[PDB]
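Architecture at a glance
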Amino acid sequence: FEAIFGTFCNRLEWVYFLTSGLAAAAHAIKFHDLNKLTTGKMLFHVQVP
Amino acid sequence: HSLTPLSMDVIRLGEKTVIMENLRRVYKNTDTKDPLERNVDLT
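Each chain carries its own residue count, running from 1 in the order of its written sequence; this scheme can depart from the entry numbering, and residues that have no coordinates do not appear. Chain A is the first chain written and ligand 1 is the first ligand written, with later ones labelled in order. In this entry, the chains presented are a subset of a larger assembly, and the associated values cover only that subset. Values shown for side chains rest on all heavy atoms present in the structure; no hydrogens or waters enter the calculation.

- This entry, as listed in the PDB, derives from cryo-EM and reports a resolution of 3.27 Å.

So, in structure tokens, the structure goes:
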């Protein structure tokens with residue numbers, strides 16, 4: 001006879017963005033109306049010494 | 001006449017204690033050139 005010993009599967013380990021150290025560089029925000037907006041602007045006012 | 005305590009860096013050298021100063025903050029983003037960085041000519 002031919003024996004089939006154990007059959008195995010890929011017990012993959014997951015990665016999550018906020019667990020990454022790279023996430024430090026990001027301020028991550030969730031916005032549900034993102035499909036609706038097309039422009040994001042931030043305005044700066046600076047008077048020199 | 002009165003005194004105000006303030007913190008600054010001090011070097012001790014040859015029985016003299018000397019204040020160490022760095023005027024970067026005065027001239028940053030201003031229109032005037034810092035006079036401690038200059039031009040020196042040689043012929």
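As for the side chain of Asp 34 of chain B
Residue and element names in this part refer to chain B.
- Note on conventions: DSSP H or I runs of at least 4 residues are helices, E runs of at least 2 residues are strands, and numbering of each starts at the N terminus. With respect to the helices and strands, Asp 34 occurs in the segment after α1 (24-27).
- Any pair of nitrogen or oxygen atoms within 3.5 Å is treated as a polar contact; in protein, a donor-acceptor pairing is required on top of that, and neighbouring residues in sequence qualify only through side-chain atoms on both sides. A distance of 3.1 Å separates a polar atom in the side chain of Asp 34 from the backbone nitrogen of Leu 36.
- In what follows, a contact means two residues having at least one pair of non-hydrogen atoms within 4.5 Å. The contacts of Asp 34, once residues within four sequence positions are left out, are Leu 23 and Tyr 27.

Notes on a nonpolar patch on the surface
- Like-charged residues within 9 Å of one another, or nonpolar side chains (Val, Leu, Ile, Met, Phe, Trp, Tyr) within 5 Å, are grouped into patches, provided each residue has over 30% relative accessible area and no salt bridge. Residue-level accessible areas treat just the shown protein chains as cover; the underlying method is Shrake-Rupley with a 1.4 Å probe. Here, a salt bridge means any side-chain nitrogen of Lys or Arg that lies within 4 Å of a carboxyl oxygen of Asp or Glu. Side chains of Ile 29, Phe 31, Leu 34 and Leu 37 of chain A sit close together on the surface and give an oily, nonpolar patch of about 410 Å² of accessible area.
- Accessibility here uses a 1.4 Å probe with only protein chains present; expressed as a share of the type maximum, an area under 20% marks a residue as buried, one over 50% as exposed, and anything in between as partly exposed. Among the residues examined, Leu 34 of chain A registers a relative accessible area of 51% and is labelled exposed.

Here's the deal with the pairing of strand β1 (residues 9-13) of chain B
Residues and elements named next belong to chain B.
- In this analysis, strands are considered paired if DSSP registers two or more bridges between them. Note that β1 and strand β2 (residues 16-20) share five bridges and pair antiparallel. Within β2, the residue paired with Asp 9 across the bridge is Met 20.
- Between the antiparallel neighbours β1 and β2 lie two residues, among them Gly 14 with a positive phi of about 65 degrees.

Structural notes on unusual backbone geometry
Residue and element names in this part refer to chain B.
- The backbone of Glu 15 shows a phi angle near 60 degrees, a positive value even though the residue is not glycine.
- You will see that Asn 29, though not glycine, has its phi angle at about 65 degrees, which is positive.
- If you trace the backbone, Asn 29 turns up in the segment after α1.

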